[PDB]
Amino acid sequence: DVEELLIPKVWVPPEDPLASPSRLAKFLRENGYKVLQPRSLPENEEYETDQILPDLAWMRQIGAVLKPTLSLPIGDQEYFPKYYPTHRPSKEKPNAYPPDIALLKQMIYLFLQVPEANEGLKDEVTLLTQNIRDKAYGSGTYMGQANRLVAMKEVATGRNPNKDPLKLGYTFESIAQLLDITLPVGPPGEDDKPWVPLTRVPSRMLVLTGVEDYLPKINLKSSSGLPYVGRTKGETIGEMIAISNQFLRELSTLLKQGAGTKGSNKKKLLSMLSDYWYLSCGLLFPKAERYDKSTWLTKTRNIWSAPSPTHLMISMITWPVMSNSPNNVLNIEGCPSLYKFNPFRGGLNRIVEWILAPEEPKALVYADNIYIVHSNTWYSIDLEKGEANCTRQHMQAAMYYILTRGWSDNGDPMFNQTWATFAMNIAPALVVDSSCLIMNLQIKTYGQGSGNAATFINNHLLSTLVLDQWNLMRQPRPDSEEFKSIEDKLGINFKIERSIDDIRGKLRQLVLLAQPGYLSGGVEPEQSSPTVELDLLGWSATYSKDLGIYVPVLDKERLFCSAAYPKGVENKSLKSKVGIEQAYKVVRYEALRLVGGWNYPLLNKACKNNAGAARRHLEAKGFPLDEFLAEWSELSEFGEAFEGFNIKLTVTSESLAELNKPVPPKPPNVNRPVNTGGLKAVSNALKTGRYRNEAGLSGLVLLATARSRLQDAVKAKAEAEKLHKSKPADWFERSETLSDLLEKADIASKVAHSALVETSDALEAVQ
């Protein structure tokens, strides 16, 4: 037979068959994937900072890491850009991210010390093992990325091709009134201060008084992207700002001229977009996760690393609005959103209480996830490669929404026409159905790019549509022929990831069968306390006897899958305060417990022991552990859930109860009056075809900008303005009304070649 081991041998990854661009080129062409005709980009050249950004010069001598001299894509000579991502591990280097053998051995050890039997304990060893066998953590393979690319093309154009929602009866506004429920939005900013709108360039987002930061913050470690392949966002802060200025300043210039001379500016404008083509192209970053070994060459998740200039600008539209809008099911009646939901602090109990309430059918939404309860069954729905289902217009509808009820006070627009054109006609062309750079090949991107600029909102909209159509055919059961045919109408794919039958029952019985543990007695668990595996944003439910409520345990399969292959540290930082690693381990094992390990006897104890081991080790070695664990959230792969809490990594009986103590939800912030009705109402009321333009002036302003020529943007606001005046209430009528005034002023774009289609072609000039 086959040689079988307790501690499985080192895995030697397969040889990656698409190692070089010559083979990768063949693969895509062979699979009917579009390869673009390679655009070229000016070489980057040294420029004094006290010139291009004169307002942010003193901010060096007193993030803000500035650079005495910037580097801008303005060179005399040109190049074709390359991006060659490292795939850890490989044949040549198989030890990059090893499995947690020490955790396994320890669990096995701790199991053997148990006097007799118990399969429930052994089941932990079995599971943790089966993972180390079946899975491998790493970057995957080009074969894997490329195969995932074709996978997405086959979603977006193959079985059930994507659909323009505007051609399906939906409209900027009808979608916007849907999003009104599923994603409530306030005025931009956070907790100080307010009132700065989209009437100034990125440079001006750092105002002096008596220095305030209004620049949408982003992590200074990720890949910068075009035009600076091989550099980080922190090494290119000033360059990211400078390029954005140049781009926006040049746009206002060409918009503030318009026609004048036979609209010969059209050629100057399609020139400017072709100049800035690199904004439309993002690096194909192979996402490092725990992959199945068998599908090591067939499935690798792709990240679309958007050009930091595109990012800065797209996020300027969304980030200040989305950030200070924490409105969800937890604080608005009828709201189905889970945005900014956090299960600790009382969070999970409330959704579990929401499920238990007799009302049904009901839905819950977060980006590409739809949770539905129907006929007493929990349903976990995802969209097939959410992000590939997105059309260019799906986003411009979302971009509409954010502006109309995020950057508008009571109907009045608070944004330039420059920004209005960028958001409605430019941004979505840069980001959806655009392009990516894998190796030296410039290949098409199908739909939206996974984890690029403003990805959450567009997916959220996509689900909002699925839900809408769900409401229209009288809320069918997710696994019925009817709920499936929703994808045939909308051109959005979705599978049922998981379904729990008799959901209310099983949740109730969690209270009866709760075994003693950290949150049910204040004792180290001898036996695994039962849970309902909701996978609610990756969380499962268990009842704490000590707290008298449901508390979150990280999904069983996610937990062990993580425990098996711990992530890496990327940059070694060579810090070395004797412990770098040892200390990290502490974080590894304590965080594992904290999320959910605390509820799995062996895994808990095993993690505790190994944590204590490293802790005892570093105490003697001298290392200042306490100071290292200050900002631990930033270090662990689970930190995001523990952010804003400033909580010590201890995992005692207290800390789990203090982490889980019910604290009244944060008060809602809604721009317009708060809707207490629900999505069922809005869906039906909207099918009659009669709905009031709740966006006021701004709505019409954007309706014109989209429906007319790119250059005639200032004329489009002027027209719509005159329109708003003439009244003598409904949107379908007002729509045609304004439209006529676009044909009357002869600035309306000719059918099937909208400004969006014009700016998209202009982004791939080649010649």
# chains A, B, ... in the order shown; residues from 1 in each chain; ligands from 1
call {"tool": "residues_around", "arguments": {"residues": "stretch 550-564 of chain A", "least_positions_apart": "5", "cutoff": "9 Å", "atoms": "only C-alpha atoms", "output": "short mmCIF file (atom, residue, chain, number, x, y, z; two decimals) with N, CA and C atoms, in the first residue's frame"}}
result
data_model
loop_
_atom_site.label_atom_id
_atom_site.label_comp_id
_atom_site.auth_asym_id
_atom_site.auth_seq_id
_atom_site.Cartn_x
_atom_site.Cartn_y
_atom_site.Cartn_z
N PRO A 99 3.69 24.32 7.63
CA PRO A 99 2.54 24.04 8.48
C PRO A 99 2.94 24.08 9.94
N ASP A 100 1.98 24.25 10.84
CA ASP A 100 2.29 24.32 12.26
C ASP A 100 2.40 22.92 12.85
N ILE A 101 3.55 22.31 12.59
CA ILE A 101 3.85 20.97 13.07
C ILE A 101 3.85 20.94 14.60
N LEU A 103 2.15 22.78 16.62
CA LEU A 103 0.77 22.80 17.11
C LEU A 103 0.14 21.41 17.03
N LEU A 104 0.39 20.71 15.93
CA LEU A 104 -0.12 19.35 15.76
C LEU A 104 0.45 18.40 16.81
N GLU A 124 -10.28 16.92 16.78
CA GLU A 124 -9.47 18.11 16.59
C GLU A 124 -8.15 17.75 15.91
N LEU A 127 -8.94 16.70 12.23
CA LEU A 127 -9.21 17.88 11.41
C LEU A 127 -7.93 18.66 11.11
N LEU A 128 -7.22 19.07 12.16
CA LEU A 128 -5.99 19.83 12.00
C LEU A 128 -5.01 19.11 11.08
N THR A 129 -4.94 17.79 11.20
CA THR A 129 -4.10 16.97 10.33
C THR A 129 -4.61 17.03 8.89
N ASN A 131 -6.17 19.03 7.29
CA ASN A 131 -5.79 20.32 6.72
C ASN A 131 -4.35 20.34 6.23
N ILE A 132 -3.42 20.07 7.13
CA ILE A 132 -2.00 20.06 6.80
C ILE A 132 -1.75 19.19 5.57
N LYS A 135 -4.23 21.00 2.30
CA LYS A 135 -4.02 22.42 1.98
C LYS A 135 -2.56 22.88 2.03
N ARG A 290 -4.68 30.02 1.96
CA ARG A 290 -4.55 28.59 2.15
C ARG A 290 -5.29 27.87 1.03
N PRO A 343 -19.21 41.37 15.56
CA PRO A 343 -19.93 40.42 16.41
C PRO A 343 -19.66 40.52 17.91
N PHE A 344 -18.49 41.03 18.30
CA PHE A 344 -18.18 41.22 19.72
C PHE A 344 -19.02 42.35 20.29
N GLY A 346 -21.44 42.61 21.85
CA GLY A 346 -22.88 42.33 21.82
C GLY A 346 -23.42 42.06 20.43
N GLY A 347 -22.57 42.28 19.43
CA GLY A 347 -22.97 42.26 18.02
C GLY A 347 -23.65 41.01 17.51
N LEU A 348 -23.07 39.84 17.78
CA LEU A 348 -23.61 38.59 17.25
C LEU A 348 -24.95 38.23 17.88
N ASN A 349 -25.02 38.27 19.21
CA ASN A 349 -26.26 37.97 19.91
C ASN A 349 -27.45 38.59 19.18
N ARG A 350 -27.32 39.87 18.84
CA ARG A 350 -28.38 40.61 18.17
C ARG A 350 -28.85 40.04 16.83
N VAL A 352 -28.46 36.90 15.99
CA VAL A 352 -29.06 35.63 16.38
C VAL A 352 -30.48 35.86 16.88
N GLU A 353 -30.68 36.94 17.65
CA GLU A 353 -32.01 37.36 18.09
C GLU A 353 -32.88 37.79 16.91
N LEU A 510 -28.85 25.68 21.41
CA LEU A 510 -27.50 26.08 21.81
C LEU A 510 -27.46 26.51 23.27
N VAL A 511 -28.62 26.90 23.79
CA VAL A 511 -28.75 27.39 25.15
C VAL A 511 -28.88 26.21 26.11
N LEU A 519 -16.85 30.77 28.88
CA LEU A 519 -18.00 31.65 28.96
C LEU A 519 -19.23 30.95 29.53
N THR A 531 -22.03 24.69 18.62
CA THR A 531 -22.21 25.94 17.91
C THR A 531 -23.08 25.73 16.68
N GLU A 533 -23.14 26.85 12.92
CA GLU A 533 -22.14 27.37 11.99
C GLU A 533 -22.76 28.25 10.91
N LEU A 534 -23.20 29.44 11.33
CA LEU A 534 -23.86 30.41 10.45
C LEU A 534 -22.98 30.89 9.30
N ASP A 535 -21.68 31.02 9.56
CA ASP A 535 -20.74 31.71 8.66
C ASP A 535 -21.20 33.14 8.40
N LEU A 536 -21.78 33.76 9.42
CA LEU A 536 -22.24 35.13 9.30
C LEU A 536 -21.01 36.01 9.29
N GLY A 538 -18.33 35.13 8.27
CA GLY A 538 -17.31 34.21 8.77
C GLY A 538 -17.43 33.85 10.24
N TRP A 539 -18.58 34.13 10.86
CA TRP A 539 -18.77 33.80 12.28
C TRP A 539 -19.85 32.76 12.53
N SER A 540 -19.68 32.02 13.63
CA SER A 540 -20.63 31.02 14.09
C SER A 540 -21.15 31.39 15.48
N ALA A 541 -22.27 30.79 15.89
CA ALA A 541 -22.94 31.19 17.12
C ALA A 541 -22.88 30.16 18.24
N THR A 542 -22.53 30.62 19.44
CA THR A 542 -22.58 29.78 20.62
C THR A 542 -23.09 30.59 21.80
N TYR A 543 -23.79 29.92 22.72
CA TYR A 543 -24.40 30.59 23.86
C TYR A 543 -23.49 30.55 25.08
N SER A 544 -23.25 31.73 25.65
CA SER A 544 -22.48 31.88 26.88
C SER A 544 -23.42 31.91 28.08
N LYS A 545 -23.26 30.94 28.97
CA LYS A 545 -24.06 30.88 30.18
C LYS A 545 -23.72 32.02 31.14
N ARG A 588 0.38 34.65 17.31
CA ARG A 588 -0.23 33.57 16.54
C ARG A 588 -1.22 32.75 17.38
N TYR A 589 -0.74 32.22 18.50
CA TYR A 589 -1.51 31.30 19.33
C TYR A 589 -2.56 31.98 20.19
N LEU A 592 -5.46 33.06 17.83
CA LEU A 592 -6.19 31.85 17.47
C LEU A 592 -7.24 31.49 18.51
N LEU A 594 -8.37 33.56 20.96
CA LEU A 594 -9.26 34.70 21.06
C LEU A 594 -10.44 34.67 20.06
N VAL A 595 -10.17 34.41 18.78
CA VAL A 595 -11.25 34.38 17.79
C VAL A 595 -12.25 33.27 18.04
N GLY A 596 -11.76 32.09 18.40
CA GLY A 596 -12.63 30.92 18.53
C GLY A 596 -12.01 29.68 19.14
N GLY A 597 -10.68 29.57 19.08
CA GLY A 597 -9.97 28.45 19.68
C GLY A 597 -10.39 28.21 21.12
N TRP A 598 -10.68 29.29 21.84
CA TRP A 598 -11.11 29.24 23.24
C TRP A 598 -12.22 28.24 23.50
N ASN A 599 -12.83 27.75 22.43
CA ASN A 599 -13.97 26.85 22.52
C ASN A 599 -13.67 25.42 22.05
N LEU A 603 -7.17 22.28 20.90
CA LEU A 603 -6.64 23.45 20.21
C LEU A 603 -6.37 24.59 21.17
N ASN A 660 -16.92 40.39 25.00
CA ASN A 660 -18.27 40.03 24.58
C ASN A 660 -19.39 40.74 25.33
#
call {"tool": "residues_around", "arguments": {"residues": "residue A:230", "least_positions_apart": "2", "cutoff": "10 Å", "atoms": "only C-alpha atoms", "output": "ChimeraX atom specification"}}
result
/A:82-85,223-228,232
call {"tool": "closest_residue", "arguments": {"among": "A:546, A:497, A:173, A:382", "to": "residue A:398", "atoms": "only C-alpha atoms"}}
result
A:173
call {"tool": "residues_around", "arguments": {"residues": "stretch 431-445 of chain A", "least_positions_apart": "4", "cutoff": "7 Å", "atoms": "only C-alpha atoms", "output": "MDAnalysis selection string"}}
result
chainID A and resid 21 34:36 38 81:84 280:284 391:392 427 449
call {"tool": "residues_around", "arguments": {"residues": "residue A:378", "least_positions_apart": "4", "cutoff": "9 Å", "atoms": "only C-alpha atoms", "output": "compact mmCIF listing (two decimals) with N, CA, C and O atoms, in the first residue's frame"}}
result
# COMPACT_ATOMS: atom_id res chain seq x y z
N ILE A 355 -32.56 36.56 13.83
CA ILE A 355 -32.94 35.32 13.15
C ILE A 355 -34.13 34.70 13.87
O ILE A 355 -35.12 34.33 13.24
N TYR A 371 -27.38 36.75 3.04
CA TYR A 371 -27.89 35.79 4.00
C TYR A 371 -29.40 35.89 4.02
O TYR A 371 -29.95 36.97 4.24
N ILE A 372 -30.07 34.78 3.78
CA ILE A 372 -31.53 34.75 3.77
C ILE A 372 -32.05 33.69 4.73
O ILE A 372 -31.52 32.58 4.79
N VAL A 373 -33.07 34.04 5.51
CA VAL A 373 -33.85 33.02 6.19
C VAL A 373 -35.22 32.96 5.52
O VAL A 373 -35.82 33.99 5.23
N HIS A 374 -35.66 31.74 5.23
CA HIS A 374 -36.87 31.46 4.47
C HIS A 374 -37.32 30.06 4.85
O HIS A 374 -36.50 29.14 4.94
N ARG A 498 -24.02 27.50 1.64
CA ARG A 498 -24.32 26.76 2.87
C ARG A 498 -25.77 26.98 3.30
O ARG A 498 -26.27 28.10 3.26
N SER A 499 -26.44 25.91 3.73
CA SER A 499 -27.80 26.04 4.25
C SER A 499 -28.02 25.22 5.51
O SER A 499 -27.78 24.01 5.52
N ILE A 500 -28.47 25.88 6.58
CA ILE A 500 -28.79 25.20 7.83
C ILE A 500 -30.31 25.06 7.94
O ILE A 500 -31.03 26.06 7.95
N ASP A 501 -30.79 23.82 8.00
CA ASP A 501 -32.22 23.55 8.18
C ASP A 501 -32.66 23.74 9.64
O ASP A 501 -31.83 23.65 10.54
N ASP A 502 -33.95 24.02 9.85
CA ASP A 502 -34.50 24.27 11.19
C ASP A 502 -33.62 25.24 12.01
O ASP A 502 -33.22 24.95 13.13
N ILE A 503 -33.34 26.41 11.42
CA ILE A 503 -32.35 27.34 11.98
C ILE A 503 -32.71 27.90 13.36
O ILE A 503 -31.87 27.90 14.27
N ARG A 504 -33.95 28.35 13.53
CA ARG A 504 -34.40 28.84 14.83
C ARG A 504 -34.27 27.76 15.91
O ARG A 504 -33.82 28.04 17.02
N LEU A 534 -23.20 29.44 11.33
CA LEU A 534 -23.86 30.41 10.45
C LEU A 534 -22.98 30.89 9.30
O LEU A 534 -23.48 31.12 8.19
call {"tool": "select_by_dssp", "arguments": {"residues": "stretch 195-421 of chain A", "states": "alpha helix (DSSP H)", "output": "PyMOL selection string"}}
result
chain A and resi 237-255+266-275+308-323+347-356+392-404+417-421
call {"tool": "atom_distance", "arguments": {"atom1": "atom CA of residue A:210", "atom2": "atom CA of residue A:407"}}
result
27.1 Å
call {"tool": "select_by_dssp", "arguments": {"residues": "stretch 428-542 of chain A", "states": "strand (DSSP E)", "output": "ChimeraX atom specification"}}
result
/A:435-438,441-444,494-500,532-536,539-542
call {"tool": "atom_distance", "arguments": {"atom1": "atom CA of residue A:389", "atom2": "atom CA of residue A:452"}}
result
14.4 Å
call {"tool": "closest_residue", "arguments": {"among": "A:703, A:74, A:243, A:613", "to": "residue A:43", "atoms": "only C-alpha atoms"}}
result
A:74
call {"tool": "closest_residue", "arguments": {"among": "A:325, A:77, A:404, A:393", "to": "residue A:447", "atoms": "only C-alpha atoms"}}
result
A:393
call {"tool": "closest_atom_pairs", "arguments": {"of": "stretch 454-512 of chain A", "to": "stretch 524-530 of chain A", "cutoff": "12 Å", "atoms": "only C-alpha atoms", "output": "JSON lines"}}
result
{"residue": "A:506", "atom": "CA", "partner": "A:530", "partner_atom": "CA", "distance": 10.1}
{"residue": "A:507", "atom": "CA", "partner": "A:530", "partner_atom": "CA", "distance": 10.0}
{"residue": "A:508", "atom": "CA", "partner": "A:530", "partner_atom": "CA", "distance": 11.5}
{"residue": "A:509", "atom": "CA", "partner": "A:530", "partner_atom": "CA", "distance": 9.2}
{"residue": "A:510", "atom": "CA", "partner": "A:530", "partner_atom": "CA", "distance": 6.5}
{"residue": "A:511", "atom": "CA", "partner": "A:530", "partner_atom": "CA", "distance": 9.3}
{"residue": "A:512", "atom": "CA", "partner": "A:530", "partner_atom": "CA", "distance": 9.9}
call {"tool": "closest_residue", "arguments": {"among": "A:689, A:336, A:548, A:699", "to": "residue A:420", "atoms": "only C-alpha atoms"}}
result
A:699
call {"tool": "closest_residue", "arguments": {"among": "A:6, A:179, A:681, A:670", "to": "residue A:130", "atoms": "only C-alpha atoms"}}
result
A:6
